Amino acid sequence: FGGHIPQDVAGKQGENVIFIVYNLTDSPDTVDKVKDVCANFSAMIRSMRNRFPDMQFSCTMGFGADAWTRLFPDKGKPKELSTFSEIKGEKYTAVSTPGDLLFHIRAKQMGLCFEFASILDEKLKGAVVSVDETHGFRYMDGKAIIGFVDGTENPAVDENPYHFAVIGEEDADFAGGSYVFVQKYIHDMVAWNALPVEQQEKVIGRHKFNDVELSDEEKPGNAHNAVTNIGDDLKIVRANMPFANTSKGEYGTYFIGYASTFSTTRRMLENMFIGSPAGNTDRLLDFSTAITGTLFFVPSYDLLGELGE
């Protein structure tokens, strides 16, 4: 990665997570306050890890396409950093919604995520407004909120997740960076829970209990893991973090996918929402509605430091 250290874009999914999306304000301190956070970001992480070395603390910081150009007009721009274009299928739509800054905060204890987030609040006071804050949690043995283990397909063991999450020499000025895409999905849990397990397995493409992938013969072409694994060893590093307000019957998945090239993520989204071939849409979308969709660029630590100067 040209000797550039990436942010934690190939990290495992935390036990506790905070996703914050901010929009910038037009205040006369906005650029400076954002740059203060850029300058001090790795120090804030150092502080947490020094204080709580066993709590697996991590935070990543990303920038929206318009925000990047506003904040950093002379820094160039990653080749694929452009506002996400809505993908509208015959039935489902991957919406494109606002967001200038993304913070993805993970730790073994929620109190540490809060601590970091509170300092961001203080440092960015007047410079930002909240677009979304979602709190997530690890559910059992890495299950998505629909009760199936998620993440087994992430590159690991015989592949290096950094290879798939981090920009390389194909865009050398931004090597060590990453393209991260987020979507909030709201589930129809009543309809999902009405499906027998065997039908749920056909929707997902893996066995519910033991997480073993369905055989080609058993796996339908519109299974979630069939359509989202686009092939040709093109992969991203994904979470699907549960969030919920059960008292209101609200159950969701916060999708976050880090990629060396956004083209992979976008192809996955095309396969899901349009279908390959057209109409062969992700069956899981019959139970899941995308209500946000935003692309951010996550710079290498080296670049982040330069941004803060």
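Don't overthink the numbering: it's just position in the shown sequence, from 1.
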(request) Output the stretch having the higher mean C-alpha B factor in the entry; the candidates are 230-238 and 69-77. (result) 230-238
(request) For the higher mean C-alpha B factor in the entry, choose 11-19 or 291-299. (result) 11-19
(message) Take the CA temperature factors straight from the PDB entry and tell me which of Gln200, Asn160, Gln183, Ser178 peaks.
(response) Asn160
(request) Could you tell me which one of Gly168, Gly99, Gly126, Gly111 shows the highest CA temperature factor in the PDB record? (result) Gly168
(request) Quick one: classify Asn245 as lowest, middle or highest third of the chain based on its Cα B-factor. (result) lowest
(message) By the recorded C-alpha temperature factor, relative to the other modelled residues in its chain, which third is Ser118 in?
(response) lowest
(message) By the recorded C-alpha temperature factor, relative to the other modelled residues in its chain, which third is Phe209 in?
(response) highest
(request) Divide the modelled residues of the chain into thirds by Cα B-factor and specify which third, lowest, middle or highest, holds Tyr92. (result) highest
(request) Taking the chain's C-alpha temperature factors as the reference, tell me which third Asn222 falls into: lowest, middle or highest. (result) lowest
